[PDB]
**Q** 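Submitted below is the structure of interest, expressed as structure tokens.
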2 protein chains.
Amino acid sequence: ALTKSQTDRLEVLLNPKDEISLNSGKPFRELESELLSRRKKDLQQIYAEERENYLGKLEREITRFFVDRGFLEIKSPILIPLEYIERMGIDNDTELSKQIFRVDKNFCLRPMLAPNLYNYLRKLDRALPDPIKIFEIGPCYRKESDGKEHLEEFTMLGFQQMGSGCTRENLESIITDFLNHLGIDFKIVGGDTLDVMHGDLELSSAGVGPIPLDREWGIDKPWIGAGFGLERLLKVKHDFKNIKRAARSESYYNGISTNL
Amino acid sequence: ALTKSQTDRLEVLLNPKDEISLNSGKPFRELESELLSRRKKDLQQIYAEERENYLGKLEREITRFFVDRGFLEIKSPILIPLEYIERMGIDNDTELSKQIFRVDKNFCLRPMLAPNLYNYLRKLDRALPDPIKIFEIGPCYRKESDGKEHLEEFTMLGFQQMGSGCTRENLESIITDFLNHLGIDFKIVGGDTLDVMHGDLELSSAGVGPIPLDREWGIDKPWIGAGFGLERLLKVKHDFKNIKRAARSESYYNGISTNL
Ligand SMILES: Nc1ncnc2c1ncn2[C@@H]1O[C@H](COP(=O)(O)OP(=O)(O)NP(=O)(O)O)[C@@H](O)[C@H]1O
Ligand SMILES: Nc1ncnc2c1ncn2[C@@H]1O[C@H](COP(=O)(O)OP(=O)(O)NP(=O)(O)O)[C@@H](O)[C@H]1O
Ligand SMILES: N[C@@H](Cc1cccc(Br)c1)C(=O)O
Ligand SMILES: N[C@@H](Cc1cccc(Br)c1)C(=O)O
Ligand SMILES: [Mg+2]
Ligand SMILES: [Mg+2]
Ligand SMILES: [Mg+2]
Ligand SMILES: [Mg+2]
């Protein structure tokens, strides 16, 4: 009979599409040697043929999707002023105040893209024709309790449109086209606030402005937008049981264990 | 006569290929209105035609270059254990100890890619055929004195090959092909340590292993590698006078000022 620790070891080596049962009568050492062999071949194949990282390649696919649809690709600072968090309405009554990675006296790792997107919307409105369509992909940081759905270091897609055409229908059409393009099943459940759900997993929270917070950021126009976690998308796409398989990590490469 | 502050304002609005002299007899207000008009059209053009961010697009070009040459694309944690810094030999006698952005009791923002690359080399050597070729592009953080060549938040390309073919000649051929592909003039000046210089600007430091540090990381094979700052590459390519034009930023979009 396999010990719980032995079973832990084998599941780190197991692939979702693997069709091997750790409940058969085969000893640990051979089940382990079997899976080690498969995982080395998986990496050998990636090394020989494609060589692209899941998270990098997804960011590039999401980028071409939004560029082709008219959204300006933004790359803004990850290390942001702590004041941006207060100006987002994040008091201490909210959960997210406890979750901030502080850096100096006045800085933090950004837990969200909304402050920088807001700032880009305000500035670009003096130069670009209506509507203004932007998006960003990059790291975000939140302190979290251990979760199969939460990382402390993750990657956020955020997009936002300001001005004409900022309706909920249009926002749902963007979400729908986007996840149908990626091959990710979802349901949309719900100014407006809506969530994009995969079963009980939140893929995205989206929103329809104007909202009173906009005033603090110099925004006085309608808008629509959404944020998606890239690792959650990978988790669903590749059927990973734990989101750590999809993270920036030294433990996993494209969901294959690197401890062989 | 233009004040120094007025001239500061105009140079923020000026483009390297702009052919306007702030030393002519035209008043501030019209020189400013002239340049505002140009910069809005530059952004309008980007918005209408291509919409890709300089830093994102360069990362994608560098990625295809190294993937096509057989290097495995790595994305490893940006937030790393503080112990990785000591194990890199970064004592307090080195400059770099003072430059670390500490995060909790035990973490920091990575100032370099070498620890994670080292860890990937060790683990992948149990699975991949010789030679092992990896690379990574992503954020790095260092506290710096105000410089026209230094950002506190920048982007590093790092690549490393381990095993056979790890000669200085091969390392220079990779560097040479890479910068000729990008259209960036350079000179290489110099186990071995070499620098890739553009005038007095350091594009890259490279190295040839084995070196005694390798032992601490579980590496006992020869290697070659180099690190390049992406913003420095953009600075040279686009002839920016100050590296802030190329940074993750809310002040500049593809080197065009966003304060119009
Ligand atoms: N810790 C995290 N790890 C991975 N993805 C995350 C994390 N926090 C947020 N996301 C993703 O970012 C999206 C937008 O952020 P947000 O709406 O603020 O998340 P949230 O409300 O905190 N979701 P949740 O914590 O699961 O209830 C989420 O829907 C997730 O896709
Ligand atoms: N603060 C920074 N801002 C931008 N690029 C940087 C920064 N620090 C390092 N780089 C880039 O990363 C490369 C590899 O890092 P490293 O060799 O450690 O730099 P370095 O020796 O500190 N160079 P320098 O500080 O200019 O004398 C450098 O050659 C630069 O291209
Ligand atoms: N609140 C998260 C997700 C996000 C991003 C952009 C627009 C919208 Br609406 C929601 C964040 O600020 O990144
Ligand atoms: N020292 C910097 C640059 C670098 C990266 C990889 C290999 C080599 Br050699 C140099 C860093 O560690 O990122
Ligand atoms: Mg949360
Ligand atoms: Mg939410
Ligand atoms: Mg330095
Ligand atoms: Mg150097």
Side-chain angles (χ1 to χ4, degrees), chain A residues 77 79 88 90 94-96 99 111-114 140 142 144 149-150 154 156-158 188-190 192-198 200-207 225-229 232, chain B residues 55 58 62 85 88-90 94-101 109-115 117 136-160 175 178-179 182 184 186-190 193-207 225-237 240 242-249:
Chain A
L79 188 62
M88 284 303 299
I90 286 132
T94 70
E95 175 194 2
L96 204 32
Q99 307 187 257
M112 49 178 47
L113 300 177
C140 287
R142 297 180 189 184
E144 306 278 356
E149 329 284 7
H150 289 82
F154 63 107
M156 182 87 79
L157 169 71
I188 301 180
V189 317
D192 285 315
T193 88
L194 71 74
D195 291 333
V196 189
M197 298 312 278
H198 182 88
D200 297 319
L201 181 55
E202 179 182 292
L203 297 184
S204 177
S205 290
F228 283 82
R232 294 207 174 159
Chain B
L55 210 41
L58 181 56
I62 294 172
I85 299 314
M88 284 303 299
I90 286 132
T94 70
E95 175 194 2
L96 204 32
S97 47
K98 326 308 162 203
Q99 307 187 257
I100 307 305
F101 281 100
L109 299 178
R110 65 182 185 189
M112 49 178 47
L113 300 177
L117 294 176
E136 173 156 10
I137 306 178
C140 287
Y141 296 84
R142 297 180 189 184
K143 296 153 164 314
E144 306 278 356
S145 310
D146 291 331
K148 59 191 203 69
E149 329 284 7
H150 289 82
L151 299 164
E152 305 206 311
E153 168 173 58
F154 63 107
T155 318
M156 182 87 79
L157 169 71
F159 67 87
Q160 224 172 346
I175 290 158
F178 171 60
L179 295 179
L182 294 181
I184 286 177
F186 71 94
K187 297 289 188 179
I188 301 180
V189 317
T193 88
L194 71 74
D195 291 333
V196 189
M197 298 312 278
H198 182 88
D200 297 319
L201 181 55
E202 179 182 292
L203 297 184
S204 177
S205 290
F228 283 82
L230 267 72
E231 293 87 353
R232 294 207 174 159
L233 295 175
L234 287 176
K235 183 173 189 285
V236 171
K237 182 98 195 105
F240 298 149
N242 200 295
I243 196 184
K244 302 270 172 306
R245 295 262 175 149
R248 297 179 167 271
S249 171

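Each chain gets a letter, A, B and so on, in the order the sequences are listed, and its residues count up from 1. Start at 1 and go down the list; that is how both ligands and their atoms are numbered.
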**Q** Hey, is ligand 2 close enough to B:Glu152 that some N/O pair sits below 3.5 Å?
**A** no

**Q** Can you tell me if A:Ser204 has an N, O or S atom under 2.8 Å away from the Mg ion (ligand 6)?
**A** no

**Q** Examine the proximity of ligand 2 to B:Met156 and report which part, side chain or backbone, both or neither, has a heavy atom under 4.0 Å away.
**A** side chain

**Q** To check you understand the geometry: which heavy-atom pair defines the closest contact between B:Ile243 and B:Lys235, and what is its length?
**A** N-CE, 3.7 Å

**Q** Geometry only, no angles: is B:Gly229 polar-contacting ligand 2 at N/O separations under 3.5 Å?
**A**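 Yes: some nitrogen or oxygen of B:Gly229 is under 3.5 Å from one in ligand 2.
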
**Q** Between A:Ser204 and A:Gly227 (side chain of the first, backbone of the second, donor and acceptor by atom type, cut-off under 3.5 Å), is there such a pair?
**A** yes

**Q** Look at atom 1 (N) of ligand 2 and say which protein heavy atom is nearest, naming residue and atom and giving the distance to 0.1 Å.
**A** B:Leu151 O, 2.8 Å

**Q** According to the interplanar angle, ranging from 0 to 90°, do the rings of B:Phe159 and B:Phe228 count as parallel (below 30°), tilted (30 to 60°) or perpendicular (above 60°)?
**A**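 Taking B:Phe228 first and then B:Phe159, their aromatic rings lie parallel (interplane angle under 30°).
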
**Q** So which atom in B:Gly147 and which in B:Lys244 form the shortest heavy-atom distance, rounded to 0.1 Å?
**A**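 In this case the closest contact between B:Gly147 and B:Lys244 is O-NZ, 3.8 Å.
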
**Q** Please report the closest heavy-atom contact between B:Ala246 and B:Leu55, naming both atoms and the distance.
**A**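 Reported closest heavy-atom pair: O-CD2, 3.9 Å.
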
**Q** Using every non-hydrogen atom in the two residues, find where B:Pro111 and B:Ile85 come nearest and quote the distance to one decimal.
**A** CD-CD1, 3.7 Å

**Q** Of all heavy-atom pairs between A:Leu157 and A:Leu113, which one has the smallest distance, and what is that distance?
**A** C-CD1, 4.0 Å

**Q** State whether A:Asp195 contributes an N/O/S atom found under 2.8 Å from the Mg ion (ligand 6).
**A** no

**Q** With a heavy-atom distance limit of 4.0 Å, tell me whether B:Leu203 approaches ligand 2 through its side chain, its backbone, both, or neither.
**A**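 The part of B:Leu203 near ligand 2 is the backbone, not the side chain.
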
**Q** Of all the N, O or S atoms in A:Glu202, which has the shortest distance to the Mg ion (ligand 6)?
**A** OE2

**Q** Within a distance under 4.0 Å of any heavy atom of B:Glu144, pick out the atoms of ligand 2 and give their elements.
**A** 1 (N)

**Q** To the nearest 0.1 Å, how far is atom 5 (N) of ligand 2 from its closest protein heavy atom, and which atom is that?
**A**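 So the nearest neighbour among protein heavy atoms is B:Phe154 CD1, 3.4 Å.
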
**Q** Around atom 16 (P) of ligand 2, find the nearest protein heavy atom and jot down its residue, atom name and distance.
**A**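 Protein heavy atom with the smallest distance to atom 16 (P) of ligand 2: B:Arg142 NH1, 3.6 Å.
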
**Q** Against heavy atoms of B:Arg232, which atoms of ligand 2 measure under 4.0 Å?
**A**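 Those qualifying, in numeric order: 5 (N), 26 (O), 30 (C), 31 (O).
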
**Q** Counting from 1, what ligand 2 atoms have a heavy atom of B:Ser204 closer than 4.0 Å?
**A** 29 (O)

**Q** Taking a cutoff of less than 4.0 Å between a non-hydrogen atom of the residue and any ligand atom, is B:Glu202 in contact with ligand 2?
**A** yes

**Q** Starting from atom 25 (O) of ligand 2, which protein heavy atom do you reach first, and at what distance in Å?
**A** B:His150 NE2, 2.9 Å

**Q** Checking side chain to side chain contact (heavy atoms under 4.5 Å, CB included) between B:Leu203 and each of B:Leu179, B:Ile188, B:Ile175, which is the one that passes?
**A** B:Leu179

**Q** Taking only heavy atoms of B:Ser205, which atoms of ligand 2 are found under 4.0 Å from at least one of them?
**A** 17 (O), 29 (O)

**Q** Can you give me the closest heavy-atom contact between A:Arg232 and A:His150, atom names plus distance?
**A**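 So the minimum-distance heavy-atom pair works out to NH2-NE2, 3.1 Å.
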
**Q** Under the criterion side-chain hydrogen bond (donor to acceptor under 3.5 Å, both in side chains), which of B:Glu144, B:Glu152, B:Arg142 is the partner of B:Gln99?
**A**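 So, applying the side-chain hydrogen bond (donor to acceptor under 3.5 Å, both in side chains) to B:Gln99 and each of B:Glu144, B:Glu152, B:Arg142, only B:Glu144 qualifies.
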
